[PDB]
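Before any questions on how it binds or moves, here is one chain, the form deposited in one PDB entry, in structure tokens.
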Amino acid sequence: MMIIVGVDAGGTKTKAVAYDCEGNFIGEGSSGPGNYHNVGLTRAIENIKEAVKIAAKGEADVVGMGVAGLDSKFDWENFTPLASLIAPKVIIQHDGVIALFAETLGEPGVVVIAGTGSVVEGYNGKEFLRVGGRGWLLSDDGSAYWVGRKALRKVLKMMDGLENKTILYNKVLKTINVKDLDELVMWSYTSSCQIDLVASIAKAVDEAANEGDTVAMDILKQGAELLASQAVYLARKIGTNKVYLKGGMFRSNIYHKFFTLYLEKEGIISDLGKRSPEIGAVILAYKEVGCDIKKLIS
């Protein structure tokens, strides 16, 4: 029969699941990073191919993939030519797109992915739209990185005696294992361009906030609202009244509270969703070749 594979090619690993056109599970596979910025073009393609081959237990007829790192036309031009060789029919979209389809089942909608970085992805039935998601320096409002940076800067001002030291102070220092300004500065010398390290601090902000720290609550509230404003914008342009929320930042009770409060004041319904990105990739493929999504889901 026809072998359809859905792939979620991320920055850390690549996951693939295979199904026929009648909704029957065939298999699953995994490989290294699918983000070519992390392992290079050839290796990324190689990992995606491996994952696909393992899940399909051989060659695949159709492959739908959600890829991380295609944030500029130049990226697509570099990636598409090779990725298209993986199977006779290949549908390629942003990793955020398959996360959306996993919930909308291929229908119009908007999804917010707030983790280390942040982005708002949408589909209007004709094309895919995006706001944000262009990196830590230029964008990523309300992401773990954004929150971590805000915390670091507040901590510095506390050390300078410009603001009172709150619970956040100790939480941040413990998180990166530094005991004072001298060590914080030393830390900046080798950690300033390390995205993951800065983002790891969002965890300390969440803890401080749960313990009642006004400074930490403010960072979460402000970050959530900055990104939520962008989610409302895309929902309005797409013409939808609901948005899906995904990513580690939503695991923060306070961040989720303020994010949803902003959406509700605008009359927007939110939903954490309930499916995996790879399944969204299978749905992406189903829509392309015409297989019945109802046989796949429920």
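Under this definition, the rigid core comprises the largest set of C-alpha atoms superposing within 1.5 Å between the forms. Residues carry their position along the shown sequence, with the first being 1.
What comes next is about the form deposited in another entry, which does not appear here.
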item	value
C-alpha of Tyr169 off by 2 Å or more between the shown form and the other one on rigid core	no
Core-aligned C-alpha movement of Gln222 between the shown form and the other one reaching 2 Å	no
Relative Cα spacing, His37 and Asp140, in that other deposited form - shift of 3 Å or more	closer
Distance trend in that other deposited form - C-alpha atoms of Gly239 and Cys291, change of 3 Å or more	farther
